[PDB]
């Protein structure tokens, strides 16, 4: 069972941390930041981790029923299920339901309902502060704010994300994890933090720019693996013959290698690079597996 990567171009792939297409590759040092995303987490042999779900359309989604309309904004209190409808097993080895956002922001989207008895429907804008005190998806408790009063108590309710809403009180901080159990509980069952552990290396990320309802923001969000790679590794389940798969970015227009990287079995890439900047490449380019290498392989810048 040989290890392989999808052949898709960057522009043919999807961010694994928000439901949007990829725009570019990007590297950064992330000085003093703990890089520990919970979406887009999969080992090279196909073990999904954190809150990672298989369908990109489900990233940053919530599903459940409307438990209550409270007095204070955010007035609307959800009681969550898993996105497949199945109930929330609290003994589960996940930090929160699959698909839960893994960053702190005001998440902007639409809350929609369907009444089961007659299929009556309604939907309005909804915002969820993933840094807020009542944000406790682990225990199934999320609240959203909406300018509308047209919601039915107890109907099935879906939150579809659109983007963020940035203001001085609500920054978009992509590397700051929510407290999935609210501010009175510590996060658990987390996918591990990632960092380069070799001199002169930085993580190579796949970057998108997500919509915003407010602010002068580029909406940049960086994932460790395209969602399509996760789907592929889950299917292939190829064994790891070392801790590092050496991969080469090849331009099929020329047959030439333009970049070497290390694909770590834990599910992230590193390159020999310095600084925070995009990695510009021909658009038909894609990574190919080359070989499993030992732990001291040096990458050419």
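Positions refer to the first chain, counted from 1.
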Averaging the C-alpha B factors as listed in the entry, name the stretch that ends up higher: 120-128 or 175-183. 175-183
Should the higher mean CA B-factor in the entry be assigned to 254-262 or to 270-278? 270-278
160, 165, 141, 113, ranked by C-alpha B-factor: the highest one: 141
Taking the values straight from the PDB record, which of 63, 69, 232, 248 has the highest C-alpha temperature factor? 69
What third of the chain, by the recorded C-alpha B-factor, contains residue 53? middle
Can you tell me which third, lowest, middle or highest, the CA B-factor of residue 211 falls into for its chain? lowest
Ranked by Cα temperature factor within the chain, is residue 100 in the lowest third, the middle third or the highest third? lowest
Tertile call for residue 150 (CA temperature factor, within chain, third-based) is the middle
Going by the CA temperature factor in the PDB record, which third of the chain does residue 199 belong to: lowest, middle or highest? highest
